[PDB]
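Next up: a single chain in structure tokens, the form deposited in one PDB entry.
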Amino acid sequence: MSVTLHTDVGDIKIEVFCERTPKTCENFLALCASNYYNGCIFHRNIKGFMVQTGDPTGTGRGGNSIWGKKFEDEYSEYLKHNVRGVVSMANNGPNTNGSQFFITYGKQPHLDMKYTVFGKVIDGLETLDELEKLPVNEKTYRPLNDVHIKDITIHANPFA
């Protein structure tokens, strides 16, 4: 239920909410566990708004769920883009969730009920600061230099 993203500019620990968003959880974890994200870049980085990643093709149009078919949204009145560091699934319309996800840089209430929030950054906030600071192509918002997710670590919760 906890994950760490090992990026080129630091580590970012994300806590996932499996109980509220179980399908989004299972998917995210399956992809992390199967090295799907290893190597992805952050293709869209919009200061004061959010950073996006999870697209193996790095174009912003690729990526797919562990099922190979987009799944449904899992909204919750409890989960909202109201604090900096909220993690959600990107989509191109209702129920078109694949593998891309993004991290907010601050409150973005106009995203609630449109994107599935499934996690939060609980450690590595300075890394978020690094990311938001990267120079981008003013027209496409793609960083001048590629920033990848090197590896991912899934924190096992004492059991087995």
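Throughout, we count residues from 1 along the sequence that is shown. Shifts are known only where both forms have a C-alpha. Note that the rigid core is defined as the largest set of C-alphas that superpose within 1.5 Å between two forms.
Colleague: Quick one: higher average CA temperature factor, 138-146 or 5-13?
Modeller: For C-alpha atoms only, the mean B-factor is higher in 138-146.
Colleague: Determine, for stretches 65-73 and 95-103, which one has the higher mean CA B-factor as deposited.
Modeller: Comparing 65-73 with 95-103, the higher mean C-alpha B-factor belongs to 65-73.
Colleague: Is the Cα B-factor recorded for residue 114 in the lowest, middle or highest third of its chain?
Modeller: Highest third - that is where residue 114 ends up once the chain's C-alpha B-factors are sorted.
Colleague: Among all modelled residues of this chain, ranked by Cα B factor, put residue 55 in the bottom, middle or top third, i.e. lowest, middle or highest.
Modeller: It belongs to the lowest third of the chain when residues are ordered by C-alpha B-factor.
Colleague: Check where residue 43 lands among this chain's C-alpha B-factors and tell me if it's the lowest, middle or highest third.
Modeller: Lowest third.
Heads up, the form deposited with a partner chain bound isn't pictured, but that's what we're talking about next.
Colleague: Within 4.5 Å of its partner chain in the deposited bound form: all of 50, 91 and 102, by heavy atom?
Modeller: Looking in the deposited bound form, the three residues 50, 91 and 102 all sit within 4.5 Å of its partner chain (heavy atoms).
Colleague: Of these, 130-138, 26-34, 59-67, 116-124, which stretch puts a heavy atom within 4.5 angstroms of its partner chain in the deposited bound form?
Modeller: It is 59-67 that comes within 4.5 Å of the partner.
Colleague: For residue 41, is any heavy atom within 4.5 Å of its partner chain in the deposited bound form, or not?
Modeller: Because no heavy atom of residue 41 falls inside 4.5 Å of its partner chain in the deposited bound form, the answer is no.
Colleague: Moving stretches between the shown form and the other one on a rigid-core fit: which runs of at least three residues all have C-alpha shifts of 2 Å or more?
Modeller: CA shift run, sole hit: 158-160.
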